[PDB]
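Start counting the sequence shown at 1; every next residue gets the next number (the authors' numbering).
Written below as structure tokens is the structure these notes are about.
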Amino acid sequence: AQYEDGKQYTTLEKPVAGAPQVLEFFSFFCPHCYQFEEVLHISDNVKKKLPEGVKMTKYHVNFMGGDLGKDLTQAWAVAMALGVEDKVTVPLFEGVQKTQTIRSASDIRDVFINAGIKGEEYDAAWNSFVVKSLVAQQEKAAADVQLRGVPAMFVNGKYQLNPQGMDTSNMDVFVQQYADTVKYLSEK
Numbered sequence: 001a002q003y004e005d006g007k008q009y010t011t012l013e014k015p016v017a018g019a020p021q022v023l024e025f026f027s028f029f030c031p032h033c034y035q036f037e038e039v040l041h042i043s044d045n046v047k048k049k050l051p052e053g054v055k056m057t058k059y060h061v062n063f064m065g066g067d068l069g070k071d072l073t074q075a076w077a078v079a080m081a082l083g084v085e086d087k088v089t090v091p092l093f094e095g096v097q098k099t100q101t102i103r104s105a106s107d108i109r110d111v112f113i114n115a116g117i118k119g120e121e122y123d124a125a126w127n128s129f130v131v132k133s134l135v136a137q138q139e140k141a142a143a144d145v146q147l148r149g150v151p152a153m154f155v156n157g158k159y160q161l162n163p164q165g166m167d168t169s170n171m172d173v174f175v176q177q178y179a180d181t182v183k184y185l186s187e188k
């Protein structure tokens with residue numbers, strides 16, 4: 001067939017109950033994640049093709065970057081709680097990997113302040129239990145799919161995207177196949 005288990009995707013030996021329909025894991029420390037988001041625009045291309053009634057979820061991971069890594073997962077939780085993901089994703093990637101001026105929790109906060117989030121709103125979210133459970137949620141999801149690397153994407157808690165079994169030449173052919181594969185899995 002056109003789409004094959006073991007080629008463009010794999011199947012989790014132990015499917016995840018109640019999982020988000022389309023679930024991406026990434027890290028702001030992750031160079032391939034910078035490529036995926038800022039150069040290849042995988043998420044955006046996946047969303048342009050998703051069926052109606054299918055939402056895309058994006059979680060940060062702790063295992064890259066030590067204390068700053070975990071600060072970033074907590075800030076991503078803040079972004080999700082405040083609903084400002086699309087305002088901070090680019091400056092967070094650029095601050096960590098391009099300019100490399102994000103070296104502390106405070107530097108992360110500066111990105112939100114600069115993007116128009118009031119300081120007291122950011123601090124209240126940062127210190128909230130709502131954000132702590134959001135951090136726990138992201139960690140739990142990683143455990144549930146038994147995550148080993150980023151970037152990664154899972155569909156309906158049962159299928160894992162397998163970009164190494166896709167074509168890597170024209171970035172666009174690769175990106176199109178990736179996005180097409182996600183759409184296919186979503187209806188599976």
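Cβ coordinates follow ideal geometry from the N, Cα and C atoms, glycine included.
Report, in whole angstroms, the separation of the C-beta atoms of residue i and residue j, which I expect to be a contact under 8 Å.
i, j, result
"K49", "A179", "5 Å"
"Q8", "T181", "4 Å"
"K183", "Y159", "Actually they are not in contact, since the Cβ atoms of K183 and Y159 sit about 12 Å apart, beyond 8 Å."
"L23", "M80", "Not a contact, Cβ separation roughly 13 Å."
Have a look at residue i and residue j and give me their C-alpha separation to the nearest angstrom.
i, j, result
"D172", "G157", "26 Å"
"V131", "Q164", "34 Å"
"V16", "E4", "21 Å"
"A77", "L185", "27 Å"
"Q138", "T10", "21 Å"
"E38", "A1", "32 Å"
"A143", "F25", "12 Å"
"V155", "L40", "20 Å"
"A152", "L161", "7 Å"
"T101", "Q21", "34 Å"
"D123", "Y34", "27 Å"
"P51", "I42", "16 Å"
"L82", "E121", "9 Å"
"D110", "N170", "37 Å"
Reducing DSSP to helix, strand and coil, say where residue i ends up.
i, result
"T101", "coil"
"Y3", "coil"
"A152", "strand"
"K49", "coil"
"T11", "strand"
"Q160", "strand"
"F93", "helix"
"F63", "coil"
"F112", "helix"
"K183", "helix"
"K140", "helix"
Would residue i be called buried (16 or more neighbouring beta carbons within 10 Å of its own) or exposed?
i, result
"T73", "buried"
"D71", "buried"
"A75", "buried"
"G69", "buried"
"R103", "exposed"
Q) Can you find at least 3 beta carbon pairs, one from the stretch 147-161 and one from the stretch 94-103, that sit closer than 8 Å? A) As far as the Cβ criterion goes, the stretch 147-161 does not touch the stretch 94-103, which means the pair count is below three.
**Q.** Contact the stretch 57-68 vs the stretch 18-32: 3+ CB pairs below 8 Å
**A.** yes
Q) Are three or more beta carbon pairs between the stretch 115-125 and the stretch 70-88 nearer than 8 Å? A) yes
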